[PDB]
$ cat my_file-v4.cif   # mmCIF, N, CA and C atoms
data_run
loop_
_atom_site.label_atom_id
_atom_site.label_comp_id
_atom_site.auth_asym_id
_atom_site.auth_seq_id
_atom_site.Cartn_x
_atom_site.Cartn_y
_atom_site.Cartn_z
N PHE A 137 0.04 1.15 15.15
CA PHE A 137 0.94 0.68 14.06
C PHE A 137 2.33 1.28 14.25
N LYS A 138 3.10 1.33 13.17
CA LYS A 138 4.46 1.86 13.23
C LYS A 138 4.50 3.14 14.05
N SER A 139 5.37 3.17 15.06
CA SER A 139 5.51 4.35 15.90
C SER A 139 6.98 4.76 16.01
N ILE A 140 7.23 6.06 15.96
CA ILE A 140 8.59 6.58 16.07
C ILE A 140 8.79 7.28 17.41
N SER A 141 9.31 6.54 18.38
CA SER A 141 9.56 7.11 19.71
C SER A 141 10.94 6.71 20.21
N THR A 142 11.44 7.44 21.20
CA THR A 142 12.73 7.12 21.80
C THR A 142 12.73 7.45 23.29
N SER A 143 13.86 7.22 23.94
CA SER A 143 13.99 7.53 25.36
C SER A 143 15.41 8.00 25.68
N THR A 144 15.50 9.15 26.34
CA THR A 144 16.80 9.73 26.67
C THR A 144 17.19 9.40 28.11
N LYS A 145 18.41 9.77 28.48
CA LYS A 145 18.91 9.48 29.82
C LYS A 145 20.29 10.10 30.02
N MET A 146 20.39 11.03 30.96
CA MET A 146 21.65 11.71 31.22
C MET A 146 22.52 10.89 32.17
N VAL A 147 23.16 9.85 31.63
CA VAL A 147 23.95 8.95 32.45
C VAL A 147 25.40 9.43 32.52
N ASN A 148 25.74 10.12 33.60
CA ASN A 148 27.11 10.58 33.81
C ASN A 148 27.64 11.25 32.54
N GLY A 149 26.87 12.20 32.02
CA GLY A 149 27.26 12.90 30.80
C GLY A 149 27.18 11.97 29.59
N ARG A 150 26.10 11.20 29.51
CA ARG A 150 25.92 10.26 28.41
C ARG A 150 24.46 10.21 27.98
N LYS A 151 24.13 10.94 26.92
CA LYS A 151 22.75 11.04 26.46
C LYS A 151 22.32 9.74 25.79
N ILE A 152 22.13 8.70 26.60
CA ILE A 152 21.63 7.43 26.08
C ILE A 152 20.22 7.59 25.52
N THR A 153 20.08 7.41 24.21
CA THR A 153 18.78 7.53 23.57
C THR A 153 18.38 6.21 22.92
N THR A 154 17.42 5.52 23.54
CA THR A 154 16.97 4.23 23.03
C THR A 154 15.75 4.41 22.13
N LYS A 155 15.84 3.88 20.91
CA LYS A 155 14.77 4.06 19.94
C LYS A 155 13.71 2.97 20.09
N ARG A 156 12.49 3.38 20.38
CA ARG A 156 11.38 2.43 20.50
C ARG A 156 10.43 2.56 19.32
N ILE A 157 10.36 1.52 18.50
CA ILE A 157 9.50 1.53 17.33
C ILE A 157 8.59 0.31 17.31
N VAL A 158 7.29 0.55 17.31
CA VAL A 158 6.32 -0.54 17.36
C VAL A 158 5.56 -0.64 16.04
N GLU A 159 5.91 -1.63 15.23
CA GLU A 159 5.26 -1.81 13.93
C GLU A 159 4.34 -3.02 13.95
N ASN A 160 4.76 -4.09 13.28
CA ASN A 160 3.97 -5.31 13.24
C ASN A 160 4.25 -6.17 14.48
N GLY A 161 3.93 -5.62 15.65
CA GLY A 161 4.14 -6.35 16.90
C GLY A 161 5.62 -6.55 17.18
N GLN A 162 6.41 -5.50 16.92
CA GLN A 162 7.85 -5.57 17.15
C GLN A 162 8.37 -4.25 17.68
N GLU A 163 9.22 -4.32 18.70
CA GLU A 163 9.74 -3.11 19.34
C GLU A 163 11.24 -2.99 19.09
N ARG A 164 11.62 -2.11 18.17
CA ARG A 164 13.03 -1.84 17.91
C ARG A 164 13.68 -1.14 19.10
N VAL A 165 14.94 -1.47 19.36
CA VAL A 165 15.65 -0.90 20.50
C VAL A 165 17.13 -0.75 20.19
N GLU A 166 17.66 0.45 20.40
CA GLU A 166 19.07 0.71 20.17
C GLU A 166 19.54 1.90 20.99
N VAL A 167 20.44 1.65 21.94
CA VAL A 167 20.97 2.71 22.78
C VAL A 167 21.97 3.56 22.00
N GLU A 168 21.81 4.88 22.07
CA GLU A 168 22.69 5.79 21.35
C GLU A 168 23.43 6.70 22.33
N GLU A 169 24.76 6.69 22.24
CA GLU A 169 25.58 7.50 23.13
C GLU A 169 26.61 8.29 22.34
N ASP A 170 26.60 9.61 22.51
CA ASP A 170 27.56 10.47 21.84
C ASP A 170 27.65 10.12 20.36
N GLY A 171 26.49 10.03 19.71
CA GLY A 171 26.44 9.67 18.30
C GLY A 171 27.13 8.32 18.06
N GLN A 172 26.63 7.29 18.73
CA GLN A 172 27.25 5.97 18.64
C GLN A 172 26.36 4.92 19.29
N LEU A 173 25.83 4.01 18.48
CA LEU A 173 24.95 2.96 19.00
C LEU A 173 25.77 1.80 19.54
N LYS A 174 25.21 1.11 20.54
CA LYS A 174 25.88 -0.05 21.12
C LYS A 174 24.97 -1.27 21.08
N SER A 175 23.68 -1.03 20.89
CA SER A 175 22.70 -2.12 20.84
C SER A 175 21.70 -1.89 19.72
N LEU A 176 21.12 -2.97 19.22
CA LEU A 176 20.12 -2.88 18.17
C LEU A 176 19.38 -4.20 18.00
N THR A 177 18.26 -4.34 18.70
CA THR A 177 17.48 -5.57 18.65
C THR A 177 16.03 -5.29 18.28
N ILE A 178 15.29 -6.34 17.95
CA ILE A 178 13.88 -6.19 17.63
C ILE A 178 13.04 -7.14 18.48
N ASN A 179 12.17 -6.56 19.31
CA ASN A 179 11.37 -7.36 20.23
C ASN A 179 12.19 -8.52 20.79
N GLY A 180 13.49 -8.30 20.94
CA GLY A 180 14.37 -9.32 21.49
C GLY A 180 14.85 -10.28 20.40
N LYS A 181 15.41 -9.72 19.34
CA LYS A 181 15.88 -10.53 18.22
C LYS A 181 16.88 -9.75 17.37
N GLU A 182 18.15 -10.11 17.49
CA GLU A 182 19.20 -9.42 16.75
C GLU A 182 19.14 -9.80 15.27
N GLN A 183 18.47 -8.96 14.48
CA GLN A 183 18.40 -9.18 13.04
C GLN A 183 17.78 -7.97 12.35
N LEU A 184 18.21 -7.72 11.11
CA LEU A 184 17.70 -6.59 10.35
C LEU A 184 16.49 -6.99 9.52
N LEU A 185 16.73 -7.77 8.47
CA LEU A 185 15.65 -8.23 7.61
C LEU A 185 16.16 -9.28 6.62
N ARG A 186 15.23 -9.89 5.89
CA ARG A 186 15.60 -10.90 4.90
C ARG A 186 14.59 -10.93 3.76
N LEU A 187 14.53 -9.84 3.00
CA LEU A 187 13.57 -9.73 1.91
C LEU A 187 13.68 -10.93 0.97
N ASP A 188 14.89 -11.47 0.86
CA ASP A 188 15.13 -12.60 -0.04
C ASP A 188 14.21 -13.77 0.31
N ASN A 189 14.11 -14.06 1.60
CA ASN A 189 13.26 -15.16 2.06
C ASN A 189 12.18 -14.65 3.00
N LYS A 190 11.83 -13.38 2.86
CA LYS A 190 10.80 -12.78 3.71
C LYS A 190 11.20 -12.89 5.18
#

$ encode --input "my_file-v4.cif" --output "structure tokens"
Amino acid sequence: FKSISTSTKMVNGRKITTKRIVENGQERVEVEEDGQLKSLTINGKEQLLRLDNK
């Protein structure tokens, strides 16, 4: 079920940390560099949520 994991990487002095979260068959992903994200997708889907329409 929901899992809280990530992945680091020392890229030319750049601690790229990608967040991997596996909940209801979905893998969250967001690269973090110097306290700054550049990506944020879900199992390959750019979207947060829509409680209004589920």

$ closest_residue --input "my_file-v4.cif" --among "A:180, A:137, A:145, A:173" --to "residue 159 of chain A" --atoms "all atoms listed in the file"
A:137

$ atom_distance --input "my_file-v4.cif" --atom1 "atom CA of residue 171 of chain A" --atom2 "atom CA of residue 187 of chain A"
28.5 Å

$ atom_distance --input "my_file-v4.cif" --atom1 "atom C of residue 186 of chain A" --atom2 "atom C of residue 163 of chain A"
17.6 Å

$ resolve_selection --input "my_file-v4.cif" --expression "the PyMOL selection byres (((chain A and resi 178 and name CA) around 8) and name CA)" --output "list in words"
residues 162, 163, 164, 165, 176, 177, 179, 180, 181, 182 and 183 of chain A

$ atom_distance --input "my_file-v4.cif" --atom1 "atom N of residue 189 of chain A" --atom2 "atom N of residue 155 of chain A"
26.4 Å

$ resolve_selection --input "my_file-v4.cif" --expression "the PyMOL selection byres (((chain A and resi 139 and name CA) around 6) and name CA)" --output "list in words"
residues 138, 140, 157 and 158 of chain A

$ axis_aligned_box --input "my_file-v4.cif" --around "segment 170-183 of chain A" --padding-each-side "5 Å" --output "AutoDock Vina command-line options"
--center_x 19.5 --center_y 0.0 --center_z 17.4 --size_x 26.3 --size_y 31.0 --size_z 20.2

$ residues_near_point --input "my_file-v4.cif" --point "(25.5, 11.0, 22.3)" --cutoff "7 Å" --atoms "only N, CA and C atoms" --output "PDB file with N, CA and C atoms, in the frame of the given file"
ATOM      1  N   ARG A 150      26.100  11.200  29.510  1.00  0.00           N
ATOM      2  CA  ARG A 150      25.920  10.260  28.410  1.00  0.00           C
ATOM      3  C   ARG A 150      24.460  10.210  27.980  1.00  0.00           C
ATOM      4  N   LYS A 151      24.130  10.940  26.920  1.00  0.00           N
ATOM      5  CA  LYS A 151      22.750  11.040  26.460  1.00  0.00           C
ATOM      6  C   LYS A 151      22.320   9.740  25.790  1.00  0.00           C
ATOM      7  N   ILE A 152      22.130   8.700  26.600  1.00  0.00           N
ATOM      8  CA  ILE A 152      21.630   7.430  26.080  1.00  0.00           C
ATOM      9  C   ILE A 152      20.220   7.590  25.520  1.00  0.00           C
ATOM     10  N   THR A 153      20.080   7.410  24.210  1.00  0.00           N
ATOM     11  CA  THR A 153      18.780   7.530  23.570  1.00  0.00           C
ATOM     12  C   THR A 153      18.380   6.210  22.920  1.00  0.00           C
ATOM     13  N   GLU A 168      21.810   4.880  22.070  1.00  0.00           N
ATOM     14  CA  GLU A 168      22.690   5.790  21.350  1.00  0.00           C
ATOM     15  C   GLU A 168      23.430   6.700  22.330  1.00  0.00           C
ATOM     16  N   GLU A 169      24.760   6.690  22.240  1.00  0.00           N
ATOM     17  CA  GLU A 169      25.580   7.500  23.130  1.00  0.00           C
ATOM     18  C   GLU A 169      26.610   8.290  22.340  1.00  0.00           C
ATOM     19  N   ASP A 170      26.600   9.610  22.510  1.00  0.00           N
ATOM     20  CA  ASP A 170      27.560  10.470  21.840  1.00  0.00           C
ATOM     21  C   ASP A 170      27.650  10.120  20.360  1.00  0.00           C
ATOM     22  N   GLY A 171      26.490  10.030  19.710  1.00  0.00           N
ATOM     23  CA  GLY A 171      26.440   9.670  18.300  1.00  0.00           C
ATOM     24  C   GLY A 171      27.130   8.320  18.060  1.00  0.00           C
ATOM     25  N   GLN A 172      26.630   7.290  18.730  1.00  0.00           N
ATOM     26  CA  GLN A 172      27.250   5.970  18.640  1.00  0.00           C
ATOM     27  C   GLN A 172      26.360   4.920  19.290  1.00  0.00           C
TER      28      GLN A 172
END

$ select_by_dssp --input "my_file-v4.cif" --residues "chain A" --states "strand (DSSP E)" --output "PyMOL selection string"
chain A and resi 141-143+154-158+163-165+177-178

$ write_last_selection --input "my_file-v4.cif" --atoms "N, CA and C atoms" --output "PDB file, in the coordinates of the input"
ATOM      1  N   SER A 141       9.310   6.540  18.380  1.00  0.00           N
ATOM      2  CA  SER A 141       9.560   7.110  19.710  1.00  0.00           C
ATOM      3  C   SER A 141      10.940   6.710  20.210  1.00  0.00           C
ATOM      4  N   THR A 142      11.440   7.440  21.200  1.00  0.00           N
ATOM      5  CA  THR A 142      12.730   7.120  21.800  1.00  0.00           C
ATOM      6  C   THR A 142      12.730   7.450  23.290  1.00  0.00           C
ATOM      7  N   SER A 143      13.860   7.220  23.940  1.00  0.00           N
ATOM      8  CA  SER A 143      13.990   7.530  25.360  1.00  0.00           C
ATOM      9  C   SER A 143      15.410   8.000  25.680  1.00  0.00           C
ATOM     10  N   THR A 154      17.420   5.520  23.540  1.00  0.00           N
ATOM     11  CA  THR A 154      16.970   4.230  23.030  1.00  0.00           C
ATOM     12  C   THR A 154      15.750   4.410  22.130  1.00  0.00           C
ATOM     13  N   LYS A 155      15.840   3.880  20.910  1.00  0.00           N
ATOM     14  CA  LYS A 155      14.770   4.060  19.940  1.00  0.00           C
ATOM     15  C   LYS A 155      13.710   2.970  20.090  1.00  0.00           C
ATOM     16  N   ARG A 156      12.490   3.380  20.380  1.00  0.00           N
ATOM     17  CA  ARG A 156      11.380   2.430  20.500  1.00  0.00           C
ATOM     18  C   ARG A 156      10.430   2.560  19.320  1.00  0.00           C
ATOM     19  N   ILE A 157      10.360   1.520  18.500  1.00  0.00           N
ATOM     20  CA  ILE A 157       9.500   1.530  17.330  1.00  0.00           C
ATOM     21  C   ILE A 157       8.590   0.310  17.310  1.00  0.00           C
ATOM     22  N   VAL A 158       7.290   0.550  17.310  1.00  0.00           N
ATOM     23  CA  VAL A 158       6.320  -0.540  17.360  1.00  0.00           C
ATOM     24  C   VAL A 158       5.560  -0.640  16.040  1.00  0.00           C
ATOM     25  N   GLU A 163       9.220  -4.320  18.700  1.00  0.00           N
ATOM     26  CA  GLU A 163       9.740  -3.110  19.340  1.00  0.00           C
ATOM     27  C   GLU A 163      11.240  -2.990  19.090  1.00  0.00           C
ATOM     28  N   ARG A 164      11.620  -2.110  18.170  1.00  0.00           N
ATOM     29  CA  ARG A 164      13.030  -1.840  17.910  1.00  0.00           C
ATOM     30  C   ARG A 164      13.680  -1.140  19.100  1.00  0.00           C
ATOM     31  N   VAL A 165      14.940  -1.470  19.360  1.00  0.00           N
ATOM     32  CA  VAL A 165      15.650  -0.900  20.500  1.00  0.00           C
ATOM     33  C   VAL A 165      17.130  -0.750  20.190  1.00  0.00           C
ATOM     34  N   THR A 177      18.260  -4.340  18.700  1.00  0.00           N
ATOM     35  CA  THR A 177      17.480  -5.570  18.650  1.00  0.00           C
ATOM     36  C   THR A 177      16.030  -5.290  18.280  1.00  0.00           C
ATOM     37  N   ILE A 178      15.290  -6.340  17.950  1.00  0.00           N
ATOM     38  CA  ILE A 178      13.880  -6.190  17.630  1.00  0.00           C
ATOM     39  C   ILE A 178      13.040  -7.140  18.480  1.00  0.00           C
TER      40      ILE A 178
END

$ decode --input "my_file-v4.cif" --residues "segment 143-180 of chain A" --atoms "N, CA, C and O atoms" --output "tab-separated table (two decimals), in the first residue's frame"
chain	number	residue	atom	x	y	z
A	143	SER	N	14.79	8.60	-3.83
A	143	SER	CA	16.06	8.21	-4.43
A	143	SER	C	16.96	9.43	-4.60
A	143	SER	O	16.56	10.44	-5.18
A	144	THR	N	18.19	9.32	-4.11
A	144	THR	CA	19.13	10.43	-4.18
A	144	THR	C	20.10	10.24	-5.35
A	144	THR	O	20.09	9.20	-6.01
A	145	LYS	N	20.93	11.25	-5.59
A	145	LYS	CA	21.87	11.20	-6.70
A	145	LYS	C	22.77	12.43	-6.70
A	145	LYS	O	22.29	13.55	-6.86
A	146	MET	N	24.07	12.21	-6.52
A	146	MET	CA	25.02	13.32	-6.46
A	146	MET	C	25.44	13.73	-7.87
A	146	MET	O	26.53	13.39	-8.33
A	147	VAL	N	24.57	14.48	-8.55
A	147	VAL	CA	24.83	14.87	-9.93
A	147	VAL	C	25.56	16.21	-9.97
A	147	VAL	O	24.94	17.27	-9.87
A	148	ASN	N	26.88	16.15	-10.13
A	148	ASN	CA	27.68	17.37	-10.24
A	148	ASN	C	27.30	18.36	-9.15
A	148	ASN	O	27.02	19.53	-9.42
A	149	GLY	N	27.30	17.89	-7.91
A	149	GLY	CA	26.93	18.73	-6.78
A	149	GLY	C	25.44	19.07	-6.81
A	149	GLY	O	25.05	20.21	-6.59
A	150	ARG	N	24.62	18.06	-7.08
A	150	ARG	CA	23.18	18.26	-7.15
A	150	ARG	C	22.44	17.06	-6.56
A	150	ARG	O	22.26	16.04	-7.23
A	151	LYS	N	22.02	17.19	-5.31
A	151	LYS	CA	21.38	16.08	-4.61
A	151	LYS	C	19.96	15.87	-5.13
A	151	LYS	O	18.98	16.17	-4.45
A	152	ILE	N	19.86	15.35	-6.35
A	152	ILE	CA	18.56	15.02	-6.93
A	152	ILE	C	17.87	13.93	-6.11
A	152	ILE	O	18.35	12.79	-6.05
A	153	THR	N	16.76	14.28	-5.48
A	153	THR	CA	16.01	13.31	-4.68
A	153	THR	C	14.61	13.12	-5.25
A	153	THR	O	13.75	13.99	-5.11
A	154	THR	N	14.38	11.98	-5.88
A	154	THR	CA	13.09	11.69	-6.49
A	154	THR	C	12.21	10.90	-5.52
A	154	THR	O	12.61	9.86	-5.01
A	155	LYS	N	11.01	11.41	-5.27
A	155	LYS	CA	10.11	10.79	-4.30
A	155	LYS	C	9.27	9.71	-4.96
A	155	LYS	O	8.50	9.98	-5.89
A	156	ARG	N	9.41	8.48	-4.48
A	156	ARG	CA	8.62	7.36	-5.00
A	156	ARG	C	7.57	6.93	-3.98
A	156	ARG	O	7.91	6.44	-2.90
A	157	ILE	N	6.31	7.12	-4.33
A	157	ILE	CA	5.22	6.76	-3.42
A	157	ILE	C	4.20	5.87	-4.13
A	157	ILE	O	3.61	6.27	-5.14
A	158	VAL	N	4.01	4.67	-3.60
A	158	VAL	CA	3.11	3.71	-4.23
A	158	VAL	C	1.87	3.48	-3.36
A	158	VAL	O	1.94	2.80	-2.34
A	159	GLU	N	0.75	4.07	-3.77
A	159	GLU	CA	-0.49	3.94	-3.01
A	159	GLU	C	-1.47	3.02	-3.73
A	159	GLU	O	-1.28	1.81	-3.77
A	160	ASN	N	-2.52	3.61	-4.30
A	160	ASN	CA	-3.51	2.84	-5.03
A	160	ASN	C	-3.05	2.60	-6.47
A	160	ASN	O	-3.70	3.05	-7.41
A	161	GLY	N	-1.94	1.90	-6.62
A	161	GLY	CA	-1.41	1.59	-7.94
A	161	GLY	C	-0.93	2.86	-8.64
A	161	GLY	O	-1.16	3.04	-9.84
A	162	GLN	N	-0.26	3.73	-7.89
A	162	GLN	CA	0.24	4.97	-8.45
A	162	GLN	C	1.60	5.32	-7.85
A	162	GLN	O	1.80	5.22	-6.64
A	163	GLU	N	2.53	5.73	-8.71
A	163	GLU	CA	3.89	6.03	-8.26
A	163	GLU	C	4.19	7.52	-8.42
A	163	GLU	O	4.44	7.99	-9.52
A	164	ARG	N	4.15	8.24	-7.31
A	164	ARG	CA	4.49	9.66	-7.33
A	164	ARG	C	5.98	9.85	-7.62
A	164	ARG	O	6.81	9.05	-7.19
A	165	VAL	N	6.30	10.91	-8.35
A	165	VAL	CA	7.68	11.17	-8.74
A	165	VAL	C	7.94	12.67	-8.83
A	165	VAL	O	7.21	13.39	-9.51
A	166	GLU	N	8.98	13.13	-8.15
A	166	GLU	CA	9.35	14.54	-8.19
A	166	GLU	C	10.82	14.72	-7.84
A	166	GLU	O	11.24	14.45	-6.72
A	167	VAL	N	11.60	15.19	-8.81
A	167	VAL	CA	13.02	15.42	-8.59
A	167	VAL	C	13.24	16.68	-7.75
A	167	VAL	O	12.67	17.73	-8.03
A	168	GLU	N	14.07	16.56	-6.72
A	168	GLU	CA	14.34	17.68	-5.83
A	168	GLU	C	15.81	18.05	-5.86
A	168	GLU	O	16.68	17.21	-5.61
A	169	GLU	N	16.10	19.31	-6.17
A	169	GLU	CA	17.48	19.78	-6.25
A	169	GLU	C	17.66	21.06	-5.45
A	169	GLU	O	16.96	22.05	-5.68
A	170	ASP	N	18.60	21.05	-4.52
A	170	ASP	CA	18.89	22.23	-3.72
A	170	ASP	C	17.60	22.85	-3.18
A	170	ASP	O	17.38	24.05	-3.31
A	171	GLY	N	16.76	22.01	-2.59
A	171	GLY	CA	15.48	22.48	-2.06
A	171	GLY	C	14.65	23.14	-3.16
A	171	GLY	O	14.27	24.30	-3.05
A	172	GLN	N	14.37	22.38	-4.22
A	172	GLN	CA	13.65	22.93	-5.36
A	172	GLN	C	13.25	21.81	-6.32
A	172	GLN	O	14.10	21.18	-6.95
A	173	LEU	N	11.95	21.58	-6.44
A	173	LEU	CA	11.44	20.53	-7.32
A	173	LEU	C	11.34	21.03	-8.75
A	173	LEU	O	11.13	22.22	-8.99
A	174	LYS	N	11.50	20.12	-9.71
A	174	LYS	CA	11.39	20.47	-11.12
A	174	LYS	C	10.36	19.58	-11.81
A	174	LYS	O	9.88	19.90	-12.90
A	175	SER	N	10.03	18.46	-11.17
A	175	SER	CA	9.07	17.53	-11.74
A	175	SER	C	8.11	17.03	-10.67
A	175	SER	O	8.45	17.00	-9.48
A	176	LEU	N	6.91	16.63	-11.08
A	176	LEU	CA	5.93	16.09	-10.15
A	176	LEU	C	4.79	15.41	-10.90
A	176	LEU	O	3.82	16.05	-11.29
A	177	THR	N	4.92	14.10	-11.10
A	177	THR	CA	3.92	13.35	-11.84
A	177	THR	C	3.43	12.16	-11.02
A	177	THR	O	4.04	11.80	-10.01
A	178	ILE	N	2.34	11.54	-11.47
A	178	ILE	CA	1.82	10.36	-10.80
A	178	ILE	C	1.64	9.22	-11.80
A	178	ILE	O	0.85	9.32	-12.74
A	179	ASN	N	2.38	8.13	-11.59
A	179	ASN	CA	2.35	7.01	-12.52
A	179	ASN	C	2.27	7.51	-13.96
A	179	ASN	O	1.68	6.85	-14.82
A	180	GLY	N	2.86	8.67	-14.21
A	180	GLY	CA	2.86	9.24	-15.55
A	180	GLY	C	1.59	10.04	-15.81
A	180	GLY	O	0.89	9.80	-16.80
